[PDB]
Every structure is written in structure tokens, then in C-alpha cells.
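In the form deposited in one PDB entry, a lone chain appears below as C-alpha cells.
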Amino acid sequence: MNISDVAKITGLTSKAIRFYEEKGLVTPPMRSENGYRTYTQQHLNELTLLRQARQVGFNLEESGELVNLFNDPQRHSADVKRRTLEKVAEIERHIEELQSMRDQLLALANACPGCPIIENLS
């Protein structure tokens, strides 16, 4: 496949695909007799993984490590699990933060008719 198809299939922008290549986070694409990029199911898997890991909160470095673990035939599922539970703790904190912001906005909204909001924000 060419980069365009890989994009449509993975839900990543060509920009992003080329980016992960520049960072060395995914297996480089192959070059054809013409000098253009072609990918295989293997590249599709690595990129899919990378996309979903970013979606669930993993940053770049971590996402790359997951690709490494993915390509490691002798990976320890325990290592992946520890990383996943750590990531869960972070998501929990992130949730607590957003909840704290939501309560403050709701308080401001409560004290308002149809302006405490603006007055207290400045």
C-alpha cells in the first residue's frame, strides 16, 4: 500500500505517519523501484497500535516502547501490564482534575441568574 491508503485505513494523517517514521518509532516503509513508500500489514499493525496508544493517554516515548514490546517475541505480558496500570493511575488523576474544574464552573453557574461568573473570574 502507499501512504494514502495506510492513512485512510488507520485514521492517521500522512503528516503523522511520516512523523512516526522520522522519530524511528515504527519500522521504516520500503521504497519501490520508483523510490516511493510502500507498507505491509506489519506497518499497519505498528501504526494502529501507535494510534490507539496515543488515544488512551500514552505519550510518544511510551507509545514507542509499546511498539517495541509488540515486536518482541519474548515480551513479558507483565511488563505491558505494569505500564498499563500506571497509565490508568494518570487517567484517574486527569479525571479528578476535570471534575474539580467542572464543580467550580457549576458553582459559578449556580450563583448566577438570567453576573457572579464574570465577576469572580476577574
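Throughout, we count residues from 1 along the sequence that is shown.
The same protein also has a form deposited in another entry, omitted here; what follows describes it.
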* Compare the rigid-part assignment of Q99 with that of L47 between this form and the one not shown and say whether they agree. => no
* Structure fact -> What changes in that other deposited form is the Cα distance between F58 and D79, by 3 Å or more; the two atoms are farther
* Which way does the C-alpha gap of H76 and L66 go in that other deposited form, closer or farther, given it changes by 3 angstroms or more? -> farther
